[PDB]
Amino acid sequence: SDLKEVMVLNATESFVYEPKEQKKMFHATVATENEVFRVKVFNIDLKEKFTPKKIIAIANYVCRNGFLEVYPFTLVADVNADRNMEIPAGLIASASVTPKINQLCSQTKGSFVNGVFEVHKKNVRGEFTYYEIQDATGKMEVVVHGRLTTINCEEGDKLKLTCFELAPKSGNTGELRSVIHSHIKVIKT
């Protein structure tokens, strides 16, 4: 847990990811001069520190699944305004790019995905809701369960997804599935 000096790019709002114990978190994206990291923050008192454009130092975090996980024992500190970090606009842009569906569904290995996807169809089956999403490269499905089945998302809207798991399937059939830390923001069109 090498210390990283980073600027905050974006953050979601705090939300309950675990309704039985009411466990809360938010997601953030941060960048060093040369690199982007996706952060899961389990101490929500840190929301202020994670304000976009702010410079912070992060140490004693946990690396899991390609995310930096921030707990109460994790150091998160303001770096002085004497810092003035140089953050390339291109790198900042690399953080906001949405993956192509044709690469996603034909993906042969599991990973965790962020992106903004337009909903072509919505099919609710029992405890699972299936969104068919489309881009210029093709279409695939996003499968939601649990708390996320209550979102209001209709055909024509867009799903801004955070930490969805790509489950590779046989036929170029891979799908995005919601997991414990998943977050959705619906963009109404």
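The first residue of the sequence shown is number 1, and the count goes up from there.
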Between 14-22 and 164-172, point out the one with the higher average CA B-factor as the PDB entry records it. 164-172
Higher-B stretch (mean Cα B-factor, as the entry records it), 23-31 or 46-54: 46-54
Between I151, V41, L159, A136, which carries the biggest CA temperature factor in the record? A136
So if I compare the CA B-factors in the entry for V79, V113, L75, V119, which one is the largest? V79
Temperature factor at the Cα of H183, chain-ranked in thirds, falls in the lowest
In terms of the CA temperature factor given in the entry, to which third of its chain does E141 belong: lowest, middle or highest? middle
Can you work out whether the C-alpha temperature factor of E69 puts it in the lowest, middle or highest third of the chain? lowest
